[PDB]
Amino acid sequence: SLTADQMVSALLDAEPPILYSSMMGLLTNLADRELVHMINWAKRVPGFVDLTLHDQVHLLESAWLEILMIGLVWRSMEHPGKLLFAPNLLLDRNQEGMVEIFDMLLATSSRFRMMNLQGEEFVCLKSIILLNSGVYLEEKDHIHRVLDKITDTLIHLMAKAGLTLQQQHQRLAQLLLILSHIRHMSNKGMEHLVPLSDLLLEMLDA
Amino acid sequence: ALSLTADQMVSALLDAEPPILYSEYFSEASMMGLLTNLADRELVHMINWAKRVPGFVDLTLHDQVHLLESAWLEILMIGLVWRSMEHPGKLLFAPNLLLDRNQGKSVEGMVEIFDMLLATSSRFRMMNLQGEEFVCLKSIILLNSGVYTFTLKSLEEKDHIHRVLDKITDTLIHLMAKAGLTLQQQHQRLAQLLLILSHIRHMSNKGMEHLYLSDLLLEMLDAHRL
Ligand SMILES: CCCN1CC(COc2ccc([C@@H]3c4ccc(O)cc4CC4(CC4)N3C(=O)c3ccccc3)cc2)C1
Ligand SMILES: CCCN1CC(COc2ccc([C@@H]3c4ccc(O)cc4CC4(CC4)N3C(=O)c3ccccc3)cc2)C1
């Protein structure tokens, strides 16, 4: 029942902190620590906690790598040709099978830069990833109605910025098509890299 | 291409549609050979269809090749899902090759992809996906799948592709408006359809893993004018 502005404000307030950092060990440890904060972010995405825990976990399990990637790309926008894994861990291209994903992450930053992706748009995109990556009756209906609400909210953000109706639906499409590439990176990422579900369940107990 | 009305975009895409091909005129042991032969014959028609997607032949040959290398499996899959939409629980690879889940169980890792395709077909069925929407979505896959994995020329190329993608977005919205959808419903349905493309990409990546081109794409795309 939230308004678009209340949706945006809830997502903005829910943003996780930027954590700080042998290379792969460090990146794995950073990712593991960010995942905890991801869980607490997800609990604040409006609509998420109305799902069963089993469904909260399947969605997090499907989405977590995409969410880490889009977060990395978002905080890397202002660092052309580099990835800001942490404020103390800025890596460029020159830093097997890694450069291919690195280039794909860099291409995403470049796309966000070309689009001038806004922060309010970023948090909507992350929320969509959370609710969408695992959707493939009543529980899915609810997921789709929350997803619909985020679509309403993105359009509202674009109207408030003064875009024409045409530009609104063009930009909405451009943003959602980026999510196909983020999925693609996640799949390649998974290839390149106790069930995670048990870990996610434990994390939900704080 | 950038001057087409939405109705002219729909018309060009509908006319460009490839034919529905058949399998040879069956067994678990011969099934993969039949599916591979079907895909190979469909790929030829794909190329011809791509050349008829407005704006596609404005690109360099190298970029046309790149886009089709990136998108061909997704395009085969979305075509399959569309043909299968009115056959619940089954995949209509061809009019004479309608397969159920159990026929996939015979090949390792096959049923997982089969189930994802079935769920996409069920989702299109639930949304009552229209043929005019389908051809827009397939044209989006062609132009979008490879656009993040490509000089001043390259920048011009990418800008062109995004302008054509934008025109197909306008066309999708025009279609939904003509169908009587409120403006909220139009934006929502647009988003729902585009998010399914994320899942089609997911299936393609899993499918490529399971299945395990360029100069062949070249030879059909690099036609002479004789
Ligand atoms: C819960 C126990 C299981 N864990 C053990 C499991 C390790 O998973 C992970 C391990 C490492 C990472 C890093 C990471 C860290 C933080 C970040 O914000 C973003 C990323 C990006 C990411 C692309 C994915 N990555 C890489 O190194 C990378 C590789 C190739 C090219 C470029 C980058 C993410 C996930 C998960
Ligand atoms: C020079 C080009 C090389 N060739 C490229 C040639 C192999 O690629 C292909 C080989 C087979 C296929 C079939 C096929 C055929 C027609 C169709 O419309 C759709 C599909 C769907 C598809 C999912 C992809 N598939 C499967 O069997 C399948 C597997 C697991 C679950 C479900 C189905 C597609 C592509 C070798």
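The basis for the numbers below is simple: all heavy atoms, side chains too, and nothing from hydrogens, waters or symmetry mates. Chain A is the first sequence line, chain B the second, and so forth, proteins listed ahead of strands; every chain is numbered from 1.
- The neighbour count for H62(B) NE2, taken as heavy atoms of other residues, nucleotides or ligands under 6.0 Å away, does not exceed 12.
- The line from CZ of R145(A) to CD of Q188(B) is 11.0 Å long, rounded to the nearest 0.5 Å.
- Note: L194(B) CG to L172(A) CG = 7.0 Å, rounded to the nearest 0.5 Å.
- Only the side chain of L147(A) comes within contact range of chain B, judged by heavy atoms closer than 4.5 Å.
- Both the backbone and the side chain of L195(B) come within less than 4.5 Å of a heavy atom in chain A.
- At least one side-chain heavy atom of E191(A) sits under 4.5 Å from a side-chain heavy atom of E209(B).
- Residue contact with chain B, scored on non-hydrogen atoms closer than 4.5 Å, is absent for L175(A).
- Between the CZ atom in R123(B) and the NE2 atom in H144(A) there is a gap of 3.5 Å [rounded to 0.5 Å].
- To the nearest 0.5 Å, the span separating CZ on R201(B) from OG on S186(A) amounts to 12.5 Å.
- Rounded to the nearest 0.5 angstrom, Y136(A) OH and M203(B) CE are separated by 10.0 Å.
- Considering only heavy atoms from C-beta on, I173(B) stays 4.5 Å or farther from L165(A) through its side chain.
- The number of heavy-atom neighbours closer than 6.0 Å to CD of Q8(B), taken from other residues, nucleotides and ligands shown, is above 12.
- Here OG of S180(A) is found 11.5 Å from NE2 of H199(B). Values are rounded to the nearest 0.5 Å.
- Among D148(A), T151(A), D152(A), the one residue that satisfies the side chain to side chain donor-acceptor pair (under 3.5 Å) test with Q184(B) is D152(A).
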